[PDB]
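Chemist: The data below comprise the sequence and an experimental structure of the protein.
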Amino acid sequence: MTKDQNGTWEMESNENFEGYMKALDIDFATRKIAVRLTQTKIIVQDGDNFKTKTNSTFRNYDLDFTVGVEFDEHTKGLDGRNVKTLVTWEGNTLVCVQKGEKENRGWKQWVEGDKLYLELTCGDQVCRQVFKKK
């Protein structure tokens, strides 16, 4: 009944992977490399903060912020542009608004049972994800 379901999620599968990086047109590559090399989605939670992370063999620098801080643009490693990225707790889940200019990066989570969904978008695409908690 509170934002602390602390665990792990191997992410049973991925619908779209490169196309999300594709959507923001990072480099129409990495789809052949980043494919999957341990990709373990994780969640941490601290109280006033929240930093889900991926323990991938390629990268470990994912959800890294505090709630309501309002991540007023300024990103890089992925896109490298400028988009309002507001974060909020739903009471149960992490709702964030990618207030874009061109795209709708609108990335959000929502515990859809015994796993944790990550239903984002990014202008045109719509990355759908499925998990299975631990």
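Modeler: Structure's in. What do you need? Residues are numbered from 1 along each chain as shown.
Chemist: Would you map the strands across the chain?
Modeler: 7-9, 13-14, 41-43, 49-50, 53-54, 65-66, 71-72, 84-89, 94-99, 109-110, 117-118, 129-130 (DSSP state E).
Chemist: Residue 77 - how many residues pack around it?
Modeler: A count of nearby residues for residue 77, using other CB atoms under 10 Å, gives 8. To be clear about C-beta, it is placed using only N, CA and C from the backbone, and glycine gets the same treatment.
Chemist: ok, now which ones touch residue 95?
Modeler: Going by CB atoms under 8 Å, 6 or more residues apart in numbering, residue 95 touches 87, 88, 89, 108, 109, 110.
Chemist: can you count the residues close to the closest residue in space to residue 27 that isn't next to it in sequence?
Modeler: Nearest-residue entry for residue 27: residue 21, 7.7 Å, with adjacent residues in sequence omitted and distances by CB to CB, 6 or more residues apart in numbering. Using other CB under 10 Å, residue 21 has 21 neighbouring residues.
Chemist: ok, residue 21 to residue 43 distance?
Modeler: Noted for residue 21: a distance of 22 Å to residue 43, by CB to CB, to the nearest Å.
Chemist: and the contacts of residue 95, which are buried?
Modeler: Neighbour counting by 16 or more other CB atoms under 10 Å classes 87, 108, 109 among these as buried.
Chemist: quick one: which of these is nearest to residue 59?
Modeler: If you rank the buried ones among the contacts of residue 95 by distance to residue 59 using CB to CB, residue 109 comes first, at 18.7 Å.
Chemist: Residues in a beta bridge with the spatially closest residue to the closest one that is not a sequence neighbour, which ones?
Modeler: Nearest residue to residue 109, sequence neighbours excluded (CB to CB, 6+ apart): residue 94, at 4.6 Å. Beta bridges link residue 94 to residue 89 when assigned by DSSP bridges.
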